[PDB]
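Q:
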Amino acid sequence: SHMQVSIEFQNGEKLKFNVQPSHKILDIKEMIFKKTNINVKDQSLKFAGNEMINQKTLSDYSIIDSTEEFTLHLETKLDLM
């Protein structure tokens, strides 16, 4: 089976993405970029009221090893320009 994460938008709709224990939070920005075309420099993601770091892995945050699945939030007023 493939394992997945959800991304919640400012319009209140969602996307879904395939992941593996190797991926960094910057690779999540890259997969979003390959869908939405919003440049990774401009976009950022949140969970439980904190902003996630581009240097870290899904495993350092416990995102696939926790007791629950994930939806990550897109930050306020993000757009192509």
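End of the sequence shown = 377 in our numbering, gap-free, step of one.
For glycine and all other residues, C-beta sits at the position ideal for the given N, C-alpha and C.
1) Can we say the stretch 318 to 328 touches the stretch 347 to 359, given the rule of at least three CB pairs closer than 8 angstroms?
2) Taking the alpha helix (DSSP H) that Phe329 belongs to, which residues open and close that run?
3) Relative to the alpha-carbon of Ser297, which residue among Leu311, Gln316, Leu374, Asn346 has its alpha-carbon at the smallest distance?
4) At which residues does the beta strand (DSSP E) containing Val315 begin and terminate?
5) As a quick exercise: from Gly345, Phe343, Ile349, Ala344, pick the residue whose alpha carbon is nearest that of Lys337.
6) Does DSSP put residue 446 in a helix, in a strand, or in coil?
7) Within its chain, find whatever has a CB closer than 8 angstroms to the CB of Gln306; leave out the 5 residues flanking it on each side and keep chain order.
8) Can you find the residues in the same chain that come closer than 7 angstroms, C-beta to C-beta, to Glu347, ignoring five residues on each side of it along the sequence?
A: Checking against the coordinates, here is how it stands:
1) yes
2) Reading the sequence shown from its first residue, position 33 is the one you call residue 329. From DSSP, the alpha helix (DSSP H) with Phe329 extends over 321 to 332.
3) Taking the sequence shown and counting its residues from 1, the one referred to as residue 297 is at position 1. Checking every option, the nearest Cα to that of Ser297 belongs to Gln316.
4) If you number the sequence shown from 1, residue 315 lands on position 19. 310 to 315 is the span of the beta strand (DSSP E), which, as asked, contains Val315.
5) Position 41 of the sequence shown, counted from the start, is the residue given in the question as residue 337. Nearest of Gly345, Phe343, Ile349, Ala344 to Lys337, Cα basis: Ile349.
6) The chain is shown only over 297 to 377; residue 446 falls outside these bounds and no answer can be derived.
7) Residue numbering aside, residue 306 sits at position 10 when the sequence shown is read from its first letter. Hits under 8 angstroms: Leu370, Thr372, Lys373, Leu374.
8) Numbered from its first residue, the sequence shown carries residue 347 at position 51. Here the set comprises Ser340.
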